[PDB]
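Numbering (PDB author numbering), first residue to last: 1 to 105. Everything below concerns the one structure shown next.
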């Protein structure tokens with residue numbers, strides 16, 4: 001494109017893994033540059049409810065989003081924050097896990 005400099009690189013290789021219908025694992029490949037924090041913004045891809053957001057220590061390139069629903073993906077939008085500014089946002093929809101457990105009903 002027109003604008004583009006070698007300094008701020010957004011998180012790529014997004015991988016949404018669902019291990020539980022109450023939480024969804026999500027990771028990515030961190031850049032070489034020093035990143036202050038990772039502004040995560042997950043929400044219902046569908047687009048019916050409000051938008052959420054959870055902070056994460058740049059130190060790690062992954063984070064789990066608890067309090068999630070079942071059989072429902074989530075548009076995870078991550079963004080690398082730098083001293084100068086934050087890079088673009090990368091979206092990624094990942095269907096959650098299905099409900100399964102012992103019940104006497």
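Cβ atoms here follow ideal geometry from the backbone N, Cα and C, with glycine treated the same way.
For residue i, write down the residues that DSSP places opposite it in a beta bridge.
{"i": "residue 40", "result": "54"}
{"i": "residue 17", "result": "25"}
{"i": "residue 12", "result": "29"}
{"i": "residue 35", "result": "DSSP, once it has assigned bridges, lists no residue as partnering residue 35."}
{"i": "residue 78", "result": "90"}
Which two residues bound the contiguous beta strand (DSSP E) that contains residue i?
{"i": "residue 29", "result": "23–29"}
{"i": "residue 93", "result": "Careful: residue 93 lies outside any beta strand (DSSP E) and carries neither H nor E."}
{"i": "residue 65", "result": "62–65"}
Among the options, whose alpha-carbon lies nearest the alpha-carbon of residue i?
{"i": "residue 49", "options": "72, 63, 2 and 55", "result": "72"}
{"i": "residue 82", "options": "90, 94 and 37", "result": "37"}
{"i": "residue 66", "options": "59, 52, 57 and 60", "result": "52"}
{"i": "residue 62", "options": "44, 5, 46 and 40", "result": "40"}
{"i": "residue 54", "options": "34, 46, 26 and 33", "result": "26"}
When the Cα atoms are used, what is the spatial distance from residue i to residue j?
{"i": "residue 21", "j": "residue 13", "result": "23 Å"}
{"i": "residue 79", "j": "residue 103", "result": "41 Å"}
{"i": "residue 107", "j": "residue 101", "result": "The structure shown has nothing for residue 107, since the chain only spans 1 to 105."}
{"i": "residue 58", "j": "residue 2", "result": "28 Å"}
{"i": "residue 19", "j": "residue 97", "result": "6 Å"}
{"i": "residue 11", "j": "residue 105", "result": "45 Å"}
{"i": "residue 74", "j": "residue 32", "result": "27 Å"}
{"i": "residue 34", "j": "residue 84", "result": "11 Å"}
{"i": "residue 69", "j": "residue 45", "result": "13 Å"}
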